[PDB]
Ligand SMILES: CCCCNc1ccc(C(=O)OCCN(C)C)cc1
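Take a look at this single chain in structure tokens; it is the form deposited without the ligand.
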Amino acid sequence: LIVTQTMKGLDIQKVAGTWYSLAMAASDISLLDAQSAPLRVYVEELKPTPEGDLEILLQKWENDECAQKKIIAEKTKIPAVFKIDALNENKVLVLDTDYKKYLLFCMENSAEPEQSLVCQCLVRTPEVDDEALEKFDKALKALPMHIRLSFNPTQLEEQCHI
């Protein structure tokens, strides 16, 4: 209830496939600080299950190696909102998407949302897409973000963006 932008009519089947975390922003610098930061995850693939849920495959530098973790987002009454009984927070909201190029989502903690708001701009190809980065910056003008990271093409093809 902080993020005011949501996708009217999301077809979770069409967002299936491979995605690249082109940019990420959070309300707390320490949330995305170092490579070992708790909410510094890189999306690899979204696989919507027939049941309505969504399987998310992501990379994260855990101990001292790029670990691949599999998280699952259960659907809810609203088609753009998903729950995850996973990392700190619990709600996943899909803000906008044209299905073929970009996707902007934001994770939010229910009780401590301002202390846990991370958002990303997912793109389909390892290219710096200006129109997606503009729409991302847009949906973020109204949010309390304090750190914003962006990645280059060569970095996008590396596991964990090294």
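When you see a residue number, it is the position in the sequence shown, counting from 1.
- Checked against the record, the higher mean CA B factor of 113 to 121 and 38 to 46 lies with 113 to 121.
- The deposited model assigns a higher average Cα B-factor to 28 to 36 than to the other stretch when 95 to 103 and 28 to 36 are compared.
- Ranked by C-alpha B-factor against the other modelled residues of its chain, residue 142 falls in the highest third.
- Per the PDB record, residue ranking by Cα B-factor puts residue 81 in the lowest third of the chain.
Below, we refer to the form solved in complex with the ligand, which is not included among the displayed structures.
- In the deposited bound form, the ligand lies within 4.5 Å of some heavy atom of residue 38.
- Counting a residue when any of its non-hydrogen atoms is within 4.5 Å of the ligand in the deposited bound form, the hits in 20 to 57 run 38, 39, 41, 43, 46, 54, 56.
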